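Here's the structure, in structure tokens; my notes come after.
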Amino acid sequence: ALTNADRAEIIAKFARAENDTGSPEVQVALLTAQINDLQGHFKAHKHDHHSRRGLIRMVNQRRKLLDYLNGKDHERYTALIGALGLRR
Amino acid sequence: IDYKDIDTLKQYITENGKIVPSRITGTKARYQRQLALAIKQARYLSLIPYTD
Amino acid sequence: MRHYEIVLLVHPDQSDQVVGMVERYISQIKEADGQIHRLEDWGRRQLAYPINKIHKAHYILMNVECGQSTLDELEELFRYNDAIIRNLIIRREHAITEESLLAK
Amino acid sequence: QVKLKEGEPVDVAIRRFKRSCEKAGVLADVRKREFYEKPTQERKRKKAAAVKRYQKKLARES
Amino acid sequence: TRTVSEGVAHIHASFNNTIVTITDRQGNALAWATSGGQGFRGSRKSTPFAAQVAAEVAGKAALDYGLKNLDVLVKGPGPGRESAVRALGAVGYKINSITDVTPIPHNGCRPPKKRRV
RNA sequence: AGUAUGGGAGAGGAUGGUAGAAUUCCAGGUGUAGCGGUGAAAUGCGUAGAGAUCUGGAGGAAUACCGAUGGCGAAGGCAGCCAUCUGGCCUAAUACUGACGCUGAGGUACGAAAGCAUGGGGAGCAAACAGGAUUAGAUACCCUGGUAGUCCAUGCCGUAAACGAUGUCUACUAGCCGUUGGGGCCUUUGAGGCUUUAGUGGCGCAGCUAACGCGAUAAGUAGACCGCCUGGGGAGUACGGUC
């Protein structure tokens with residue numbers, strides 16, 4: 001599980017201003033890190049459906065934020081997906 | 001509360017060794033839950049008997 | 001790291017070894033890392049019900065702060081040592097250092 | 001563990017032990033162990049008991 | 001032949017019968033009697049009167065071994081527990097302590113089905 | 001509508017250990033004619049020694065008391081204790097983004113019990129079946145036994161009176177009495193009293209309803225989107241198709 005230090009580094013790296021925590025870039029970065037971390041957990045416990053629901057909710061939230069950012073500003077969307085290595 | 005307070009724990013045990021209900025003792029729900037946890041830990045540690 | 005509290009019941013015939021086993025465990029904790037916040041020897045106690053046809057035991061309480069590997073080694077040592085007949089390990093958040101009841 | 005003192009009679013011992021067992025309520029568990037009760041029936045009975053308890057509390061309040 | 005002063009009585013009282021067993025401590029049997037052994041065949045085995053009759057026979061049989069004070073344990077929800085424990089005092093023993101030792105599972109095995117009588 | 005930082009409650013989920021009670025069986029002492037079962041009996045067990053009582057051993061399954069009109073979960077569901085991995089919820093104040101929302105045809109995921117496939121395990125219970133009763137007959141209810149199954153691992157099946165017989169989201173509309181998890185205030189020394197919030201219950205005004213009844217957890221007053229109904233049988237049936 002990610003801790004406060006890792007989350008702080010992610011926020012510092014993707015912040016668009018000072019004390020910025022609500023930006024779509026920051027939110028998508030945090031969601032991506034959390035999903036990538038939980039992949040290892042779901043490798044071992046194949047039958048944790050109750051936690052897999054929360055994972056699916058994270059995926060859906062990330063997709064919605066990406067769609068909103070693409071609708072608003074295309075260049076920022078391209079830069080963010082390039083930085084995080086997302087295929088789309 | 002914790003399992004090492006055996007003198008306190010005996011105050012909520014009948015002669016048979018069973019836990020006394022909150023409706024009889026006059027306890028808060030959370031305090032009762034902590035009491036039950038501590039008593040079950042004490043029985044395992046053999047500080048107080050299971051039955052009789 | 002995480003704080004653990006361990007309680008051990010020792011066979012009274014092997015009570016002459018309790019000092020040795022306890023310093024061995026504490027040392028291993030030290031070269032691992034560790035911070036022994038508390039060690040209490042409750043002493044000789046009657047069991048409420050006999051265990052394995054034993055009626056008296058030596059009660060030892062330890063408070064440690066360790067990692068997962070050190071915890072696994074401690075658990076396996078407790079499992080394999082024949083003198084230790086029962087042990088309880090509880091995770092707690094906060095270091096406990098004050099003298100507790102039963103230390104009399 | 002009804003331990004008699006120096007000079008109670010047998011009948012007094014019997015009645016005091018009967019009162020102790022009535023307080024203990026072992027016979028209720030022994031009767032319950034005679035046959036298997038299904039979870040549906042158990043939940044129904046406990047719901048009825050709760051309803052009766054709440055009805056009794058209001059009556060005792062008034 | 002053997003002489004012992006302190007003994008234990010066991011009253012196994014079911015809904016179909018009652019067995020009164022007299023032993024010494026450490027559980028070595030000395031004398032016993034049941035309602036079936038005094039006639040009382042069939043359903044009459046469960047009456048309190050039969051329990052009293054069996055208890056009297058058992059106490060008199062144990063008097064030969066020569067017990068004067070005994071400890072009584074009653075197990076089972078039988079209708080003859082009270083008569084069985086009373087008859088011993090009439091016989092003449094001293095009941096030091098009498099208790100209940102009925103077993104209760106801590107949610108163990110599954111009991112049989114309910115009778116649709 | 002969402003994000004970061006402090007705190008809190010919980011049978012929420014997955015994995016692995018471990019404890020006590022009880023049932024069955026086995027071995028051994030004490031001991032001797034019954035035990036068991038029913039409305040009453042009988043089948044059955046026992047003098048190559050039961051049942052009862054005491055000691056030791058093996059194995060499987062479930063977690064008394066606490067326990068609650070309690071709690072958690074989208075639903076199905078989840079109860080001994082401990083460790084590891086992990087989801088959601090409640091609560092305070094600032095800070096941040098700036099409509100990023102609601103619903104949802106097709107689709108997809110989960111989904112009690114019974115059932116199926118491969119390999120294990122098997123204490124108790126127990127469809128099928130065997131015997132004893134009852135009865136005009138008993139195919140059943142009652143009794144004595146008892147195999148699948150109930151348990152574990154890996155998959156399938158996709159159905160229940162899967163029910164609050166009440167789709168999801170939002171706002172507004174008298175009061176009174178309880179209970180669970182938090183916040184605030186007041187006494188005044190520690191136990192109480194007022195509020196506010198998110199759940200969970202009992203009455204009840206207006207309003208609604210064929211009536212029963214519902215009534216801030218609406219079946220009231222309104223808005224958005226979806227699913228479904230059109231007399232009873234034939235019939236959730238045939239044909240075709242998909243799995």
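Throughout, a chain's letter reflects where its sequence line sits, starting with A, and its residues are numbered from 1.
- F/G202 atom P lies 11 Å from atom CD of D/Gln55, rounded to whole Å.
- The same atom, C1', is picked in F/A218 and in F/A206; the two are 13 Å apart, to the nearest Å.
- Proximity of E/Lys113 to the phosphate of F/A127: a side-chain N or O atom is located under 4.0 Å from OP1 or OP2.
- Under 4.0 Å is where a charged nitrogen must lie from a carboxylate oxygen, and between D/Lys3 and B/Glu15 no such pair does.
- Between F/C82 and B/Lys40, no contact under 4.0 Å exists linking OP1 or OP2 to a side-chain N or O.
- Backbone-only contact: C/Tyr4 has heavy atoms under 4.0 Å from sugar-phosphate atoms and none from a base.
- A salt bridge does not link E/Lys60 to E/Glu56: none of the charged nitrogens lies less than 4.0 Å from a carboxylate oxygen.
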Q | Under 4.0 Å protein heavy-atom contact, by nucleotide of nucleotides 19-24 of chain F - B base, S sugar-phosphate only | A | SBBBS-
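- Dashed line: the shortest gap from a side-chain N or O of E/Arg115 to OP1 or OP2 of F/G39 is under 4.0 Å.
- Between the side chain of A/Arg7 and the main chain of A/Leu2, a donor-acceptor pair closer than 3.5 Å is present.
- Nearest-nucleotide positions on RNA chain F place C/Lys53 closer to the 5' end than the other of C/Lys53 and A/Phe42.
- Using atom P as the reference point in both F/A117 and F/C157, the two lie 15 Å apart (nearest Å).
- At the heavy-atom level, B/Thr14 lies nowhere under 4.0 Å from the strands shown.
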Q | Sugar-phosphate or base contact per nucleotide [nucleotides 98-109 of chain F; S, B, -; heavy atom under 4.0 Å] | A | SSBS--------
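- The phosphate of F/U18 (OP1 or OP2) has a side-chain N or O of C/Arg79 nearer than 4.0 angstrom.
- Between F/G121 and F/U150, the two key atom distances do not both fall under 3.5 Å in a Watson-Crick or G-U wobble layout, so no such pair is counted.
- Salt bridge D/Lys18/E/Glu82: absent, no basic N to carboxylate O contact under 4.0 Å.
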Q) Which nucleotides of nucleotides 25-37 of chain F have their base under 4.0 Å from a protein heavy atom (B), which only their sugar-phosphate (S), and which neither (-), written as one string 5' to 3'? A) ----BBSB-SSBB
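- Checked by atom type, the side-chain pair A/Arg57/A/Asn60 shows no donor-acceptor distance below 3.5 Å.
- For F/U166, classification of the furanose by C1'-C2'-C3'-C4' yields a south pucker, on the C2'-endo side.
- For the pair D/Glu37 CD and F/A64 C1', the computed distance is 15 Å after rounding to whole Å.
- A/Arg7 has no side-chain polar atom (N or O) that falls below the 4.0 Å cut-off from OP1 or OP2 of F/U3.
- Counting any heavy atom pair closer than 4.0 Å across all strands shown, A/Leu55 reaches no nucleic acid atom.
- The interatomic distance linking D/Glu61 (CD) with F/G178 (P) rounds to 7 Å, in whole Å.
- Of the side-chain N and O atoms in A/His47, one or more sit less than 4.0 angstrom from OP1 or OP2 of F/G155.
- Without both centres closer than 5.5 angstrom and planes tilted by less than 30 degrees, the six-membered rings of F/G158 and F/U159 do not count as a stacked pair.
- Taking 4.0 angstrom as the limit, B/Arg33 places a side-chain polar atom (N or O) nearer than this to OP1 or OP2 of F/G181.
- Taking the centre of each ring, B/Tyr3 and B/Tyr44 stay at or above the 6.0 Å mark.
- For the pair C/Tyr49 (side chain) and B/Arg43 (backbone), a donor-acceptor distance under 3.5 Å is present.
- For C/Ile89 and F/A83, the CD1 to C1' distance is 8 Å, given to the nearest whole Å.
- In this structure, D/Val51 reaches the bases: a heavy-atom distance under 4.0 Å links it to at least one base atom across the strands shown.
- Between A/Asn60 atom CG and F/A74 atom P the separation is 15 Å, expressed in whole Å.
- If you take CD1 of B/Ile48 and P of F/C66, they are 15 Å apart, rounded to a whole angstrom.
- If you check F/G77 against F/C208, you find neither a Watson-Crick nor a G-U wobble pair with both contacts below 3.5 Å.
- F/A14 and F/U84 are base-paired: they meet the Watson-Crick or G-U wobble geometry, with both hydrogen-bonding distances under 3.5 Å.
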